[PDB]
Amino acid sequence: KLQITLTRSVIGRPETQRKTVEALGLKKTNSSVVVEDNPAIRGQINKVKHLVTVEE
Amino acid sequence: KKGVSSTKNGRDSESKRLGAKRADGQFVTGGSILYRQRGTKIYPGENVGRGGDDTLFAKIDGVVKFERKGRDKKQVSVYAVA
Amino acid sequence: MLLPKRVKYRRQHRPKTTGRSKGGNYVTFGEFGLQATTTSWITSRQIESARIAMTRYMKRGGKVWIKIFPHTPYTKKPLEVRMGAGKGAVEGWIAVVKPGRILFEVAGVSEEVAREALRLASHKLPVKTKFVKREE
Amino acid sequence: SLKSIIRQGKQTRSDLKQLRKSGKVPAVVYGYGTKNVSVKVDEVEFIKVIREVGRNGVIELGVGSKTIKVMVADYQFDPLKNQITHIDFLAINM
RNA sequence: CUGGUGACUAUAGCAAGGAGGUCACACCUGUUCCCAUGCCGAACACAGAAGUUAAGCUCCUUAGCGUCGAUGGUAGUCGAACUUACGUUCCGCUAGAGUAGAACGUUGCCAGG
RNA sequence: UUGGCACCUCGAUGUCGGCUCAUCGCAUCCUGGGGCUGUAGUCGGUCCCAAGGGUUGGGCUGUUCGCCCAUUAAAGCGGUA
RNA sequence: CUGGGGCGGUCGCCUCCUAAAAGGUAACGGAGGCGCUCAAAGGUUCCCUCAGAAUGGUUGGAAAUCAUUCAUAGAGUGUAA
RNA sequence: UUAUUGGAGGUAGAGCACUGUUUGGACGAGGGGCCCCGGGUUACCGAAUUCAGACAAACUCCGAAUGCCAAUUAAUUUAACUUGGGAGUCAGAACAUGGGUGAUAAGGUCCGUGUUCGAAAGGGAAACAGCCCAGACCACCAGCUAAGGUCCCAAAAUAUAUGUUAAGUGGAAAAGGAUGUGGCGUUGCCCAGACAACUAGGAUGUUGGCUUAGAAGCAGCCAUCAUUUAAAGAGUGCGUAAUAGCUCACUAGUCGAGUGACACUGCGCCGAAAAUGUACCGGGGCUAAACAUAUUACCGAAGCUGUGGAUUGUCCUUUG
Ligand SMILES: [Mg+2]
Ligand SMILES: [Mg+2]
Ligand SMILES: [Mg+2]
Ligand SMILES: [Mg+2]
Ligand SMILES: [Mg+2]
Ligand SMILES: [Mg+2]
Ligand SMILES: [Mg+2]
Ligand SMILES: [Mg+2]
Ligand SMILES: [Mg+2]
Ligand SMILES: [Mg+2]
Ligand SMILES: [Mg+2]
């Protein structure tokens, strides 16, 4: 299980990255999600690594 | 205001939307256009016909596979699903 | 004045200038050569001015190899015209030089003579340069 | 005709940049009697050795514990920096 | 082993040297007939077997050429941070060329030996 | 300066020259202080500092310019719609 | 239509480059073609392989037709690419 | 959306196998100026060939990153499509980046991509649609952060550590110029006496040969040697019309410690002149209150959180 928090805003960011943040279940700034670790999840985190903070 | 000359260019034809119309590994019904091209950049393969304009089309329902045809050639084939 | 005898296209897109030199980064015909440390277009006129200067100091005892050739034609619009109504006429011929490119090579002289000759050439050219020798 | 070398792991672009700044040169060892090994050698030491042995001179390379006689098959050089970016060592059958 | 007929991106090719002939495959011997030459039995076709391994062909050796080809490094580049610098930095991807090396094929089916 | 661009102004931002009144910059025309000189002296050349003050009246042309007459230590060059 | 308008040029269609390795993508951007032609230059069946070069040979010349060898396509494919 | 897998395609880069462009080498098919149907050899060698080295939007033996199309595909997410009623829009802008055009001009112009503005308030950038941070339901004299900041204006460090700069550089610019200063290497000489200074010599053939009216070391060419050395160039310069003269290179002494060159670099210097008034840090001021590299705090928004409230969904679910 990983805890992902949206530390940085999606404003001013490319839409494709915004879609990934939505796909990860992240909502407003400073919102968090707890998700199971898997390759697909890691790839999403990789795309928006600048926008999020990850805690295991 | 200095007088000016003119260009002898300014013309182009309509683009012809050539290229792949169906993906490799995709199911297609018979008659589906697979590739649009001038000449044979891709050759007609198994269960694939070549049109008068060199359009490649499925002759049966099946899965599209783009395959090598020798060192420097390629072909497209359709195989019926089990 | 170095220029291509003929070209298929007289009006060409201007060359990309960003990046580093693709080739001719080593002295291959002479003992010493001049290496570009900055990027700029080099015109045929500039090549000739640099060439005449270096040959004079060398006194023609040494041999000069000009590595760069001005292949690309460039256009200029007639004076006092508005924008549009086609590209202008050919005005000059240029070589794109990027850092590392050896502009000229010299042989048949002492290093001291070569260093001065290349210095005299360098002052005629837009780019910054460094004196270079064959490396083994 | 002997210069010590150190083995290397998988490297990021930053690591190699730091190596060259340190003065070490990335290199590879291949040829008869050796599997390919990625190694780092000090530039100054390499330059001294090659002057002694010449360009095609045989060199004794301290590849880990083992010592392999090698030749410089090829090298990559940066003309602007006056630095050897990479060296290829070929093992010689004896 | 040989032959017919298929598969494969030339690692399969090219070149050079060598070897081989009851059968087989050719060269070859003729043009009566089927058939043939924009002229020619050269070819094609057919009827044959005196001669010959000469050539083709098949086999063997080779790395000269062609082909294949890493590892490492480099260029380039997605993203990011920094900047406006013919930029920098980090991360992932990652050539081309070249180098070591590979390579004078590997195989399916059928009929003979 | 001649242009390029078309960004404020088309329910109006009057446009050349002159006249009146100036005001500012200095890349200095004169005067002041210097260096070098192919500076003997008297004169000059060139460059540096310096903007305090000074920098004329006419002929021709709408002219700005420009040429010319006669001067002056000098008859400066630009900005201010 | 138009880097104001006029004047000049242009207007449909085809091919390429610009075009950022799917497709698409503009400027009065860079280059060219079309408004046909063919009764075979269509269909099919069978057969066939070029350009060029070297050498030898009469009229015959660098170049005509002939012969051999080399030649992987540098030929040809009605007509732009 | 991502992961995984398969595919189409020719860009960046690269390369020169093609089409063109191009540099330096060799080298010649075949005869002319040339020397015999009886042979040769100091152009052209244009054919061609070869070795090495470069160039290309409309070159390609090659060839990515990405993007694109798919998958009886998995994870996460929440859309998607069809039909019908009602629209508005068809002047776009900047910024970043891939390109054309223009001049590698334009707050220029025209296409690709992304973001913001448009239609977006709040914080930062002094002020400042388009930059940076961030999307305001309402209330609070509560808390935490973003960009950006923390000497005073003006909230928070006159913070900590180690260096750099002396230019108010910071807080506008170039070719080029310079014993500015810091760092990291390479190398020559040196207490068998380095570098500089000072003292002394600095010669002979010979005024080397040619040239010029003249050239003796010093306008221009050729060579650039022997002899006495404790050392001397057929002279580094100044100078004479030519001479002369002075001086240097080099050498031997005095004192005794370092001295010279080169490469790569950090931060500074000069180059640097415009018009109402300082006027190119927002001001004061600053030698850190600049810059570089780390560390720990704090400040900072209408972001997030806390408390109360409103409206509308959704889920439990008479309740709330
Ligand atoms: Mg087209
Ligand atoms: Mg506009
Ligand atoms: Mg009004
Ligand atoms: Mg002044
Ligand atoms: Mg495309
Ligand atoms: Mg694309
Ligand atoms: Mg390129
Ligand atoms: Mg845009
Ligand atoms: Mg305070
Ligand atoms: Mg706090
Ligand atoms: Mg809120």
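Whatever comes next refers back to the structure up there.
A short tour of the structure in this document, coming up.

### Description of the overall build of chain C
The helix and strand inventory of chain C stands at 2 helices and 7 strands. Traced from its N-terminal end to its C-terminal end, chain C shows the element sequence β-β-α-β-β-β-β-α-β. If you line up chain C on its principal axes, its C-alpha atoms span 55 × 30 × 25 Å. Evaluated residue by residue, chain C yields a buried proportion of 38% over its 136 residues. Restricting to contacts in chain C with at least 6 residues of sequence separation, those with at least 24 account for 81%. As displayed, chain C offers around 8500 Å² of accessible surface, 51% of which is attributable to carbon and sulfur atoms. With 29 positive and 10 negative side-chain charges, chain C shows a spacing of 12 Å between the two charge centroids.

### Observations regarding the protein's contact with RNA strand H
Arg18, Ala23, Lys27 and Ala40 of chain A together with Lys74 of chain B are the nearest of the 69 residues found near RNA strand H. For RNA strand H, the fraction of protein-proximal atoms (within 4 Å) that sit in sugar or phosphate groups is 75%. Taking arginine 18 of chain A, its side chain carries an N or O atom lying 2.6 Å from a phosphate oxygen of RNA strand H. Measuring from a sugar or linking oxygen of RNA strand H, one finds a side-chain N or O atom of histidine 71 of chain C at 3.0 Å. Mapped by element, the contributors of at least two residues to the surface near RNA strand H are α1 (15–23) and α2 (39–47) of chain A, β7 (62–68) of chain B together with β3 (63–66) of chain C. Here the residues of the surface near RNA strand H sort into 19 nonpolar, 20 polar and 30 charged.

Cut-offs applied
Residues numbered from 1 in each chain as written, not as in the entry; some residues may be left out. Chains lettered and ligands numbered in written order. Part of a larger assembly, values for the part shown. Heavy atoms only, no water. Helix = DSSP H or I, 4+ residues; strand = E, 2+ residues; numbered from the N terminus. Buried < 20%, exposed > 50% of the residue type's maximum accessible area, 1.4 Å probe, protein only. Contact = heavy atoms within 4.5 Å. Areas by Shrake-Rupley, 256 points an atom, 1.4 Å probe, with all protein chains shown as cover. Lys, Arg positive; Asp, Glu negative; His and termini not counted. Charge placed at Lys NZ, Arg CZ, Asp CG, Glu CD. Near = heavy atom within 4 Å. Polar contact = N/O pair within 3.5 Å; in protein donor to acceptor, adjacent residues only side chain to side chain. Nonpolar A, V, L, I, M, F, W, Y, C, P; charged D, E, K, R; others polar.

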